[PDB]
Structures are given as C-alpha cells and as structure tokens.
file model-v9.pdb (PDB, C-alpha atoms and all ligand atoms)
ATOM      1  CA  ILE A   1       0.000   0.000   0.000
ATOM      2  CA  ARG A   2       2.823   2.374   0.915
ATOM      3  CA  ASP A   3       4.943   0.983  -1.936
ATOM      4  CA  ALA A   4       2.057   1.388  -4.389
ATOM      5  CA  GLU A   5       1.877   5.061  -3.385
ATOM      6  CA  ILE A   6       5.493   5.805  -4.339
ATOM      7  CA  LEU A   7       5.266   4.370  -7.855
ATOM      8  CA  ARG A   8       2.032   6.308  -8.357
ATOM      9  CA  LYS A   9       3.763   9.380  -6.919
ATOM     10  CA  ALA A  10       6.875   8.814  -9.044
ATOM     11  CA  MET A  11       4.752   8.503 -12.204
ATOM     12  CA  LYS A  12       2.352  11.354 -11.421
ATOM     13  CA  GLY A  13       2.773  14.683 -13.164
ATOM     14  CA  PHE A  14       4.954  15.546 -16.122
ATOM     15  CA  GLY A  15       7.832  13.126 -16.550
ATOM     16  CA  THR A  16       8.859  10.213 -14.356
ATOM     17  CA  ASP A  17      11.007   9.855 -11.255
ATOM     18  CA  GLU A  18      12.918   6.812 -12.458
ATOM     19  CA  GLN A  19      15.136   6.736  -9.359
ATOM     20  CA  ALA A  20      12.204   6.237  -6.981
ATOM     21  CA  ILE A  21      10.869   3.416  -9.170
ATOM     22  CA  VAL A  22      14.223   1.622  -8.944
ATOM     23  CA  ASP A  23      14.571   2.086  -5.172
ATOM     24  CA  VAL A  24      11.300   0.163  -4.703
ATOM     25  CA  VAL A  25      11.431  -2.555  -7.361
ATOM     26  CA  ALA A  26      15.081  -3.457  -6.734
ATOM     27  CA  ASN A  27      14.715  -3.705  -2.931
ATOM     28  CA  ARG A  28      11.587  -5.903  -2.994
ATOM     29  CA  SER A  29      11.299  -9.637  -3.653
ATOM     30  CA  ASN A  30       9.178 -11.024  -6.475
ATOM     31  CA  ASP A  31       6.520 -12.140  -3.988
ATOM     32  CA  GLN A  32       6.533  -8.584  -2.627
ATOM     33  CA  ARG A  33       6.415  -7.095  -6.130
ATOM     34  CA  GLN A  34       3.223  -9.089  -6.745
ATOM     35  CA  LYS A  35       1.658  -7.744  -3.540
ATOM     36  CA  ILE A  36       2.599  -4.214  -4.635
ATOM     37  CA  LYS A  37       0.889  -4.891  -7.971
ATOM     38  CA  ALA A  38      -2.210  -5.957  -6.024
ATOM     39  CA  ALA A  39      -2.088  -3.081  -3.525
ATOM     40  CA  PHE A  40      -1.796  -0.708  -6.491
ATOM     41  CA  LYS A  41      -4.917  -1.993  -8.262
ATOM     42  CA  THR A  42      -7.012  -1.789  -5.093
ATOM     43  CA  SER A  43      -5.841   1.715  -4.178
ATOM     44  CA  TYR A  44      -6.401   3.340  -7.563
ATOM     45  CA  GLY A  45      -8.355   0.994  -9.823
ATOM     46  CA  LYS A  46      -5.619   0.995 -12.460
ATOM     47  CA  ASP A  47      -3.135  -1.648 -13.521
ATOM     48  CA  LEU A  48       0.413  -0.808 -12.468
ATOM     49  CA  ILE A  49       2.082  -2.665 -15.357
ATOM     50  CA  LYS A  50       0.155  -0.625 -17.926
ATOM     51  CA  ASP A  51       0.886   2.654 -16.128
ATOM     52  CA  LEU A  52       4.545   1.595 -16.069
ATOM     53  CA  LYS A  53       4.476   0.841 -19.803
ATOM     54  CA  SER A  54       3.162   4.355 -20.462
ATOM     55  CA  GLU A  55       5.829   6.194 -18.439
ATOM     56  CA  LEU A  56       8.863   3.936 -19.052
ATOM     57  CA  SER A  57      10.489   2.919 -22.333
ATOM     58  CA  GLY A  58      13.238   0.863 -23.913
ATOM     59  CA  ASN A  59      15.493  -1.412 -21.888
ATOM     60  CA  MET A  60      14.294   0.264 -18.690
ATOM     61  CA  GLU A  61      10.713  -0.749 -19.496
ATOM     62  CA  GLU A  62      11.454  -4.367 -20.409
ATOM     63  CA  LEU A  63      13.698  -4.853 -17.365
ATOM     64  CA  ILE A  64      10.969  -3.533 -15.067
ATOM     65  CA  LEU A  65       8.339  -5.584 -16.916
ATOM     66  CA  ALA A  66      10.435  -8.715 -16.397
ATOM     67  CA  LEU A  67      10.834  -7.923 -12.691
ATOM     68  CA  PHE A  68       7.077  -7.859 -11.992
ATOM     69  CA  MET A  69       6.222 -11.154 -13.682
ATOM     70  CA  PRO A  70       5.976 -14.213 -11.411
ATOM     71  CA  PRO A  71       9.042 -16.409 -12.003
ATOM     72  CA  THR A  72       7.004 -19.317 -13.374
ATOM     73  CA  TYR A  73       4.836 -17.138 -15.619
ATOM     74  CA  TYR A  74       7.917 -15.265 -16.849
ATOM     75  CA  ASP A  75       9.563 -18.493 -18.040
ATOM     76  CA  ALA A  76       6.316 -19.636 -19.670
ATOM     77  CA  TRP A  77       5.937 -16.210 -21.287
ATOM     78  CA  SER A  78       9.586 -16.401 -22.365
ATOM     79  CA  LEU A  79       8.878 -19.779 -23.980
ATOM     80  CA  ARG A  80       5.764 -18.532 -25.801
ATOM     81  CA  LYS A  81       7.565 -15.472 -27.170
ATOM     82  CA  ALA A  82      10.441 -17.702 -28.324
ATOM     83  CA  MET A  83       8.052 -19.761 -30.490
ATOM     84  CA  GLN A  84       5.572 -17.043 -31.476
ATOM     85  CA  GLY A  85       5.159 -16.648 -35.226
ATOM     86  CA  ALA A  86       7.580 -17.767 -37.858
ATOM     87  CA  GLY A  87      11.117 -18.425 -36.707
ATOM     88  CA  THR A  88      12.397 -19.760 -33.392
ATOM     89  CA  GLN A  89      15.061 -18.655 -30.932
ATOM     90  CA  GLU A  90      16.150 -22.110 -29.828
ATOM     91  CA  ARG A  91      18.784 -20.482 -27.607
ATOM     92  CA  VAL A  92      15.929 -19.344 -25.380
ATOM     93  CA  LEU A  93      14.356 -22.802 -25.349
ATOM     94  CA  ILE A  94      17.714 -24.273 -24.286
ATOM     95  CA  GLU A  95      18.398 -21.662 -21.576
ATOM     96  CA  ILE A  96      15.081 -22.393 -19.741
ATOM     97  CA  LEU A  97      14.108 -25.949 -20.692
ATOM     98  CA  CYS A  98      17.610 -27.377 -20.094
ATOM     99  CA  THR A  99      18.439 -25.488 -16.870
ATOM    100  CA  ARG A 100      15.180 -25.439 -14.889
ATOM    101  CA  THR A 101      14.591 -28.175 -12.328
ATOM    102  CA  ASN A 102      11.777 -30.728 -12.241
ATOM    103  CA  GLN A 103       9.706 -28.566  -9.889
ATOM    104  CA  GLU A 104      10.180 -25.467 -12.051
ATOM    105  CA  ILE A 105       9.403 -27.344 -15.272
ATOM    106  CA  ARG A 106       6.090 -28.729 -13.992
ATOM    107  CA  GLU A 107       4.850 -25.279 -12.935
ATOM    108  CA  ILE A 108       5.630 -23.942 -16.416
ATOM    109  CA  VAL A 109       3.639 -26.728 -18.092
ATOM    110  CA  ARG A 110       0.755 -25.907 -15.745
ATOM    111  CA  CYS A 111       1.020 -22.131 -16.175
ATOM    112  CA  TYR A 112       1.512 -22.402 -19.946
ATOM    113  CA  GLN A 113      -1.833 -24.206 -20.179
ATOM    114  CA  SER A 114      -3.838 -22.100 -17.717
ATOM    115  CA  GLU A 115      -2.658 -18.803 -19.261
ATOM    116  CA  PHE A 116      -2.432 -19.235 -23.049
ATOM    117  CA  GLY A 117      -4.703 -22.261 -23.466
ATOM    118  CA  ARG A 118      -1.928 -24.032 -25.373
ATOM    119  CA  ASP A 119      -0.001 -27.261 -24.873
ATOM    120  CA  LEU A 120       3.659 -26.476 -24.194
ATOM    121  CA  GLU A 121       4.985 -29.746 -25.620
ATOM    122  CA  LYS A 122       2.703 -29.511 -28.666
ATOM    123  CA  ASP A 123       4.115 -26.031 -29.299
ATOM    124  CA  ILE A 124       7.649 -27.430 -29.032
ATOM    125  CA  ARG A 125       7.058 -30.182 -31.600
ATOM    126  CA  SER A 126       5.665 -27.688 -34.124
ATOM    127  CA  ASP A 127       8.425 -25.064 -33.878
ATOM    128  CA  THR A 128      11.240 -27.645 -33.776
ATOM    129  CA  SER A 129      12.106 -31.038 -35.267
ATOM    130  CA  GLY A 130      14.981 -33.494 -35.346
ATOM    131  CA  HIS A 131      16.792 -34.625 -32.223
ATOM    132  CA  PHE A 132      16.353 -31.136 -30.753
ATOM    133  CA  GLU A 133      12.574 -31.565 -30.611
ATOM    134  CA  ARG A 134      13.191 -34.876 -28.837
ATOM    135  CA  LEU A 135      15.596 -33.247 -26.371
ATOM    136  CA  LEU A 136      13.237 -30.366 -25.572
ATOM    137  CA  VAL A 137      10.350 -32.831 -25.219
ATOM    138  CA  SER A 138      12.279 -34.873 -22.651
ATOM    139  CA  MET A 139      13.058 -31.596 -20.879
ATOM    140  CA  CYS A 140       9.337 -30.759 -20.835
ATOM    141  CA  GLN A 141       8.555 -33.947 -18.896
ATOM    142  CA  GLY A 142      10.277 -32.515 -15.824
ATOM    143  CA  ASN A 143      11.079 -36.112 -14.900
ATOM    144  CA  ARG A 144      14.827 -36.136 -14.214
ATOM    145  CA  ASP A 145      16.034 -38.588 -11.582
ATOM    146  CA  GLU A 146      16.132 -36.915  -8.176
ATOM    147  CA  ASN A 147      18.248 -39.313  -6.110
ATOM    148  CA  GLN A 148      21.369 -37.245  -5.444
ATOM    149  CA  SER A 149      23.464 -40.255  -4.429
ATOM    150  CA  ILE A 150      25.994 -41.616  -6.910
ATOM    151  CA  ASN A 151      25.405 -45.041  -8.437
ATOM    152  CA  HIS A 152      28.892 -46.113  -9.494
ATOM    153  CA  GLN A 153      28.035 -49.195 -11.564
ATOM    154  CA  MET A 154      25.483 -47.064 -13.425
ATOM    155  CA  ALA A 155      28.033 -44.310 -14.086
ATOM    156  CA  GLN A 156      30.464 -46.890 -15.492
ATOM    157  CA  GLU A 157      27.900 -48.637 -17.709
ATOM    158  CA  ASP A 158      26.337 -45.358 -18.856
ATOM    159  CA  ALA A 159      29.693 -43.886 -19.893
ATOM    160  CA  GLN A 160      30.603 -47.054 -21.804
ATOM    161  CA  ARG A 161      27.263 -46.764 -23.605
ATOM    162  CA  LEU A 162      27.859 -43.076 -24.344
ATOM    163  CA  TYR A 163      31.320 -44.106 -25.552
ATOM    164  CA  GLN A 164      29.883 -46.756 -27.882
ATOM    165  CA  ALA A 165      27.021 -44.553 -29.107
ATOM    166  CA  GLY A 166      29.195 -41.673 -30.322
ATOM    167  CA  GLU A 167      32.958 -42.107 -30.551
ATOM    168  CA  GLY A 168      32.938 -45.900 -30.781
ATOM    169  CA  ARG A 169      31.028 -45.809 -34.068
ATOM    170  CA  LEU A 170      30.555 -43.887 -37.291
ATOM    171  CA  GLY A 171      27.573 -41.652 -36.987
ATOM    172  CA  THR A 172      25.916 -41.352 -33.597
ATOM    173  CA  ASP A 173      23.201 -43.110 -31.589
ATOM    174  CA  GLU A 174      21.507 -39.897 -30.511
ATOM    175  CA  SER A 175      18.718 -41.275 -28.305
ATOM    176  CA  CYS A 176      21.394 -42.792 -26.058
ATOM    177  CA  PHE A 177      22.706 -39.292 -25.351
ATOM    178  CA  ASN A 178      19.090 -38.168 -25.023
ATOM    179  CA  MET A 179      18.396 -40.940 -22.502
ATOM    180  CA  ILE A 180      21.278 -40.543 -20.050
ATOM    181  CA  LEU A 181      21.560 -36.757 -20.297
ATOM    182  CA  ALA A 182      17.797 -36.326 -19.747
ATOM    183  CA  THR A 183      17.139 -39.059 -17.154
ATOM    184  CA  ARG A 184      20.229 -39.045 -14.922
ATOM    185  CA  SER A 185      20.466 -36.806 -11.869
ATOM    186  CA  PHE A 186      23.052 -34.040 -11.830
ATOM    187  CA  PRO A 187      25.525 -35.742  -9.427
ATOM    188  CA  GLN A 188      25.021 -38.933 -11.443
ATOM    189  CA  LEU A 189      25.839 -37.125 -14.689
ATOM    190  CA  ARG A 190      28.963 -35.795 -12.966
ATOM    191  CA  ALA A 191      30.039 -39.351 -12.140
ATOM    192  CA  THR A 192      29.208 -40.420 -15.704
ATOM    193  CA  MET A 193      31.536 -37.761 -17.116
ATOM    194  CA  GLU A 194      34.303 -38.767 -14.704
ATOM    195  CA  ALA A 195      34.021 -42.402 -15.782
ATOM    196  CA  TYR A 196      33.880 -41.256 -19.415
ATOM    197  CA  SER A 197      37.124 -39.267 -19.152
ATOM    198  CA  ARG A 198      39.290 -42.240 -18.160
ATOM    199  CA  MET A 199      37.813 -44.790 -20.573
ATOM    200  CA  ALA A 200      37.536 -42.502 -23.613
ATOM    201  CA  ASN A 201      40.694 -40.454 -22.872
ATOM    202  CA  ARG A 202      38.663 -37.390 -23.906
ATOM    203  CA  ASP A 203      35.984 -35.671 -21.856
ATOM    204  CA  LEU A 204      32.279 -36.019 -22.586
ATOM    205  CA  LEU A 205      31.807 -32.385 -23.634
ATOM    206  CA  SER A 206      34.320 -32.605 -26.492
ATOM    207  CA  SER A 207      32.732 -35.809 -27.809
ATOM    208  CA  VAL A 208      29.356 -34.053 -27.868
ATOM    209  CA  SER A 209      30.940 -31.332 -30.003
ATOM    210  CA  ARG A 210      32.323 -34.021 -32.327
ATOM    211  CA  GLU A 211      29.324 -36.338 -32.792
ATOM    212  CA  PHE A 212      26.668 -33.594 -32.529
ATOM    213  CA  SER A 213      26.106 -30.148 -34.008
ATOM    214  CA  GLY A 214      23.459 -27.419 -34.114
ATOM    215  CA  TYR A 215      21.031 -26.858 -31.272
ATOM    216  CA  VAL A 216      21.207 -30.472 -30.085
ATOM    217  CA  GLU A 217      24.914 -30.022 -29.349
ATOM    218  CA  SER A 218      24.176 -26.700 -27.650
ATOM    219  CA  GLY A 219      21.351 -28.282 -25.673
ATOM    220  CA  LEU A 220      23.357 -31.342 -24.650
ATOM    221  CA  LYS A 221      26.385 -29.308 -23.580
ATOM    222  CA  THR A 222      24.017 -27.085 -21.582
ATOM    223  CA  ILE A 223      22.774 -30.009 -19.481
ATOM    224  CA  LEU A 224      26.315 -31.284 -18.919
ATOM    225  CA  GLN A 225      27.676 -27.808 -18.165
ATOM    226  CA  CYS A 226      24.840 -27.366 -15.660
ATOM    227  CA  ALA A 227      25.571 -30.730 -14.015
ATOM    228  CA  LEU A 228      29.124 -29.506 -13.374
ATOM    229  CA  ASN A 229      28.429 -25.883 -12.401
ATOM    230  CA  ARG A 230      25.052 -24.362 -13.272
ATOM    231  CA  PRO A 231      25.990 -20.826 -12.057
ATOM    232  CA  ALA A 232      29.084 -20.915 -14.285
ATOM    233  CA  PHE A 233      26.982 -21.734 -17.357
ATOM    234  CA  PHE A 234      24.884 -18.604 -16.790
ATOM    235  CA  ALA A 235      28.032 -16.551 -16.144
ATOM    236  CA  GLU A 236      29.306 -17.569 -19.583
ATOM    237  CA  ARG A 237      25.914 -16.673 -21.082
ATOM    238  CA  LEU A 238      26.034 -13.240 -19.443
ATOM    239  CA  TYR A 239      29.636 -12.733 -20.577
ATOM    240  CA  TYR A 240      28.630 -13.501 -24.170
ATOM    241  CA  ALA A 241      25.717 -11.075 -23.877
ATOM    242  CA  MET A 242      27.846  -7.970 -23.268
ATOM    243  CA  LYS A 243      30.996  -8.930 -25.193
ATOM    244  CA  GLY A 244      31.399  -7.129 -28.490
ATOM    245  CA  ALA A 245      29.955  -3.776 -29.462
ATOM    246  CA  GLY A 246      26.561  -3.355 -27.829
ATOM    247  CA  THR A 247      24.559  -5.617 -25.561
ATOM    248  CA  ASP A 248      22.221  -8.568 -25.968
ATOM    249  CA  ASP A 249      19.768  -6.846 -23.648
ATOM    250  CA  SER A 250      17.102  -9.560 -23.881
ATOM    251  CA  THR A 251      19.457 -12.183 -22.459
ATOM    252  CA  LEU A 252      21.229  -9.965 -19.915
ATOM    253  CA  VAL A 253      17.845  -8.915 -18.515
ATOM    254  CA  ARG A 254      16.405 -12.435 -18.607
ATOM    255  CA  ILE A 255      19.334 -14.082 -16.811
ATOM    256  CA  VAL A 256      19.679 -11.370 -14.157
ATOM    257  CA  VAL A 257      15.935 -11.426 -13.423
ATOM    258  CA  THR A 258      15.279 -15.178 -13.534
ATOM    259  CA  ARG A 259      18.267 -16.131 -11.360
ATOM    260  CA  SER A 260      18.111 -13.026  -9.131
ATOM    261  CA  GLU A 261      16.484 -14.904  -6.238
ATOM    262  CA  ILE A 262      17.962 -18.327  -7.072
ATOM    263  CA  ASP A 263      21.730 -18.484  -7.575
ATOM    264  CA  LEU A 264      22.796 -14.999  -8.715
ATOM    265  CA  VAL A 265      25.505 -14.749  -6.040
ATOM    266  CA  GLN A 266      27.192 -17.953  -7.203
ATOM    267  CA  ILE A 267      26.891 -16.624 -10.766
ATOM    268  CA  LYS A 268      28.821 -13.503  -9.731
ATOM    269  CA  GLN A 269      31.565 -15.441  -7.944
ATOM    270  CA  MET A 270      31.862 -17.777 -10.928
ATOM    271  CA  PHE A 271      31.862 -14.878 -13.404
ATOM    272  CA  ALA A 272      34.583 -13.150 -11.377
ATOM    273  CA  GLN A 273      36.830 -16.221 -11.547
ATOM    274  CA  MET A 274      36.250 -17.131 -15.204
ATOM    275  CA  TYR A 275      36.884 -13.549 -16.338
ATOM    276  CA  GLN A 276      39.041 -11.749 -13.704
ATOM    277  CA  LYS A 277      36.357  -9.057 -13.730
ATOM    278  CA  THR A 278      33.184  -8.669 -11.696
ATOM    279  CA  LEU A 279      29.796  -9.090 -13.339
ATOM    280  CA  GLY A 280      29.077  -5.575 -12.095
ATOM    281  CA  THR A 281      32.069  -4.109 -13.934
ATOM    282  CA  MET A 282      31.024  -5.743 -17.216
ATOM    283  CA  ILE A 283      27.488  -4.377 -16.846
ATOM    284  CA  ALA A 284      28.529  -0.867 -15.786
ATOM    285  CA  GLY A 285      30.593  -0.603 -18.971
ATOM    286  CA  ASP A 286      27.871  -2.008 -21.227
ATOM    287  CA  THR A 287      24.753  -0.230 -19.884
ATOM    288  CA  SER A 288      23.719   3.311 -18.963
ATOM    289  CA  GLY A 289      20.793   5.381 -17.696
ATOM    290  CA  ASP A 290      18.407   4.146 -15.037
ATOM    291  CA  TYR A 291      18.475   0.771 -16.820
ATOM    292  CA  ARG A 292      22.036   0.416 -15.516
ATOM    293  CA  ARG A 293      21.049   1.629 -12.038
ATOM    294  CA  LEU A 294      18.382  -1.086 -11.852
ATOM    295  CA  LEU A 295      20.713  -3.840 -13.087
ATOM    296  CA  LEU A 296      23.428  -2.912 -10.588
ATOM    297  CA  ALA A 297      20.894  -2.652  -7.760
ATOM    298  CA  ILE A 298      19.550  -6.141  -8.495
ATOM    299  CA  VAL A 299      23.061  -7.665  -8.458
ATOM    300  CA  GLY A 300      23.646  -4.988  -5.778
ATOM    301  CA  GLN A 301      24.843  -5.234  -2.185
TER     302      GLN A 301
HETATM  303 CA    CA A 401       3.301  -2.015   0.959
HETATM  304 CA    CA A 402       2.628  11.479 -15.877
HETATM  305 CA    CA A 403      12.652  11.818 -14.827
HETATM  306 CA    CA A 404       9.781  -6.448   4.152
HETATM  307 CA    CA A 405       6.455   2.814 -23.254
HETATM  308 CA    CA A 406       6.048 -20.746 -34.779
HETATM  309 CA    CA A 407      16.331 -19.994 -34.991
HETATM  310 CA    CA A 408       7.290 -30.557 -36.669
HETATM  311 CA    CA A 409      29.579  -4.712 -25.081
END
call {"tool": "encode", "arguments": {"input": "model-v9.pdb", "output": "structure tokens"}}
result
Amino acid sequence: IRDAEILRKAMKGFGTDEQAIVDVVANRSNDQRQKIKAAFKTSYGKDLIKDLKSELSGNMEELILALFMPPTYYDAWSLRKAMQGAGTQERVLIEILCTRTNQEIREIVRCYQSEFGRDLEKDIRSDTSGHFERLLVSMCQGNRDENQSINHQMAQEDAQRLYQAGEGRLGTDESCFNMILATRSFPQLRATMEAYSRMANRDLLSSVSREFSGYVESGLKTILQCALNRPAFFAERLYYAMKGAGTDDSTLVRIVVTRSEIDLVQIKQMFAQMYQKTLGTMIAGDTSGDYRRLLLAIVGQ
C-alpha cells in the first residue's frame, strides 16, 4: 500500500522519477512485487504494469516488466515469445528448458496451459524437429532422476554406452545421449563424465561437439555444463551477452531477473573467476541510464 503510493507518486505529473521506481522494485522480492501490484490496483483501480508501460520505455521498461512477472509465468511467457510466429530462438528454449529443475518445469507446463490455453509440448514439436525436438520434449517432462546419491556401476555402464554410441562408431546413436543426459540426476551425470574421461581419454563435452552439431549439441552441452556448475553456465551466457559492441539486452535482462532470487551470487563469484572481472564491472561498462542503475541494484549489495 505504501509501496504502491510511491510508484504512483513517481509517475504522477509531467515526466517520471525513475530513481524512486528503482529504489522500490530493486529492494523488494518477487513475492513482494506481486503484492505491490495488487495493492496498487485496489488503491487506484488501475493496472500498475500498464501505467509503467506508459511512463517507461526501452530497456528500462522491459527490465521492469520482467521484474514484476511471477518467475514461473515469466519463463512460460519467455517460452511462448520464443516460439511465437515464424522463426524460433532455440537459444531461449535451451536456456530455460535445459536449466530449470523438475519442480520449475512442472509449474511452467501448468502455467503455460492455464494462461495461453496451449499445450507447451505440442508447441515445441511444431516449432522444432529433429533430435532437438526430442531433447526439448524430454526436458518438458520434468522427470529427471532426483536421487542425489551416486550409483557407481550405473556411471560406469552409462559412460561405456555413451562411448559406444558416439565415438565408438561412425555416426551417432543420438537417443542414447538423449536418454542418459535427460534421465540421470546431476551428481550422477557428474560421475558419468568422470568415468567417461578415463575410458575414452577425452571428456564427454568434447565428444558431444564431435558427434553432434546445431542446437542439439548446444542443448546437450548445456545439461552437462549445468551438471558440473550451473551458475558458471549462466556466467558464460552473461559474458557472451555484453561482449562485443553493444549488448544482448534480452538475455542480460532475462538471466539477471530469472536467477536473481535463485543463484545470482554464485553466478557472480563464478563470473569473477572465469573472467578476472566482476559481473558488475562488465554491466557498468555495457549499460547506462536508469536501466544500468536497476541492473546494478539487483546484483547490488
Ligand atoms: Ca506495501
Ligand atoms: Ca505522468
Ligand atoms: Ca525523470
Ligand atoms: Ca519487508
Ligand atoms: Ca512505453
Ligand atoms: Ca512458430
Ligand atoms: Ca532460430
Ligand atoms: Ca514438426
Ligand atoms: Ca559490449
């Protein structure tokens, strides 16, 4: 109620107080940002998101818009917009569908139905094909093994099978990589890759690059890279987003927002090590305006 007043106050009159908007949104959780959305509608009978769309613009607007969406609905929205129309940004389908957990995936499948009236998996099969469709479909099941204990005989056998399905033959037996990489738990996949390094004399990630290509290779490496160090995978994705002239603002916003309340800290510590440069320094050089002030506040203190 008090928070809803400030945003209304900061939008009232000519112009906008963008600093006040940041001081509220960046210092409030997502659960709290939903209760501010609700307190706003009751106090004034207007939607806050629409009033924010009228008085913000550009990267500031989309970063604030992302920050007010519930985490589940945001992912589901992000998946719909990645398939909407002709074309597909399979990078977005990999970043979500290959990195979210079983719990997160099942909420998306529920929210995707109850909000757009569409079948998530059905949408995936139409916008994709090949072994990538199969990989994303497995991802959509949200059915990865959850036992976090290591089964050693399984790790051995699995690696041997992965060895025989790719390197040990001409061509590749893709569904074998689909099976283990989509069914095995993350500590189990880590044991699989350790068994695969000694027997193959070449780590599992390189073999994926050799026997696979395209978005399947990207998707498969994503799962493996997440099994090793999921925060480090995002760090690399954020590094790619701001390297070069300009910024991939869609990605930089999406990763900062979606992982802000999950594992952002570990992403920063990873990013610092992999690049000898804080994630804040990279952003502060690549962004400006209030849009920068919001991004730094979210990483923050
Ligand atoms: Ca309040
Ligand atoms: Ca105004
Ligand atoms: Ca202003
Ligand atoms: Ca509080
Ligand atoms: Ca606008
Ligand atoms: Ca389409
Ligand atoms: Ca594409
Ligand atoms: Ca198809
Ligand atoms: Ca740049």
call {"tool": "closest_residue", "arguments": {"input": "model-v9.pdb", "among": "A:178, A:97, A:54, A:27", "to": "ligand CA 402 (chain A)", "atoms": "all atoms listed in the file"}}
result
A:54
call {"tool": "residues_near_ligand", "arguments": {"input": "model-v9.pdb", "ligand": "ligand CA 403 (chain A)", "cutoff": "10 Å", "atoms": "all atoms listed in the file", "output": "PyMOL selection string"}}
result
chain A and resi 10-11+14-20+55-56+290
call {"tool": "residues_around", "arguments": {"input": "model-v9.pdb", "residues": "residue 128 (chain A)", "least_positions_apart": "5", "cutoff": "10 Å", "atoms": "only C-alpha atoms", "output": "ChimeraX atom specification"}}
result
/A:83,87-88,90,123,133-134,136
call {"tool": "atom_distance", "arguments": {"input": "model-v9.pdb", "atom1": "CA of residue 126 (chain A)", "atom2": "CA of residue 217 (chain A)"}}
result
20.0 Å
call {"tool": "closest_atom_pairs", "arguments": {"input": "model-v9.pdb", "of": "region 103-152 of chain A", "to": "region 185-202 of chain A", "cutoff": "9 Å", "atoms": "all atoms listed in the file", "output": "JSON lines"}}
result
{"residue": "A:144", "atom": "CA", "partner": "A:185", "partner_atom": "CA", "distance": 6.1}
{"residue": "A:145", "atom": "CA", "partner": "A:185", "partner_atom": "CA", "distance": 4.8}
{"residue": "A:146", "atom": "CA", "partner": "A:185", "partner_atom": "CA", "distance": 5.7}
{"residue": "A:147", "atom": "CA", "partner": "A:185", "partner_atom": "CA", "distance": 6.7}
{"residue": "A:148", "atom": "CA", "partner": "A:187", "partner_atom": "CA", "distance": 5.9}
{"residue": "A:149", "atom": "CA", "partner": "A:187", "partner_atom": "CA", "distance": 7.0}
{"residue": "A:150", "atom": "CA", "partner": "A:188", "partner_atom": "CA", "distance": 5.4}
{"residue": "A:151", "atom": "CA", "partner": "A:188", "partner_atom": "CA", "distance": 6.8}
{"residue": "A:152", "atom": "CA", "partner": "A:191", "partner_atom": "CA", "distance": 7.4}
call {"tool": "write_last_selection", "arguments": {"input": "model-v9.pdb", "atoms": "C-alpha atoms", "output": "compact mmCIF listing (two decimals), in the frame of the given file"}}
result
# COMPACT_ATOMS: atom_id res chain seq x y z
CA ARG A 144 14.83 -36.14 -14.21
CA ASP A 145 16.03 -38.59 -11.58
CA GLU A 146 16.13 -36.92 -8.18
CA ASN A 147 18.25 -39.31 -6.11
CA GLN A 148 21.37 -37.24 -5.44
CA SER A 149 23.46 -40.26 -4.43
CA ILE A 150 25.99 -41.62 -6.91
CA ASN A 151 25.40 -45.04 -8.44
CA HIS A 152 28.89 -46.11 -9.49
call {"tool": "resolve_selection", "arguments": {"input": "model-v9.pdb", "expression": "the PyMOL selection byres (((not hetatm)) within 12 of (chain A and resi 404))", "output": "ChimeraX atom specification"}}
result
/A:2-3,24,27-33,35-36
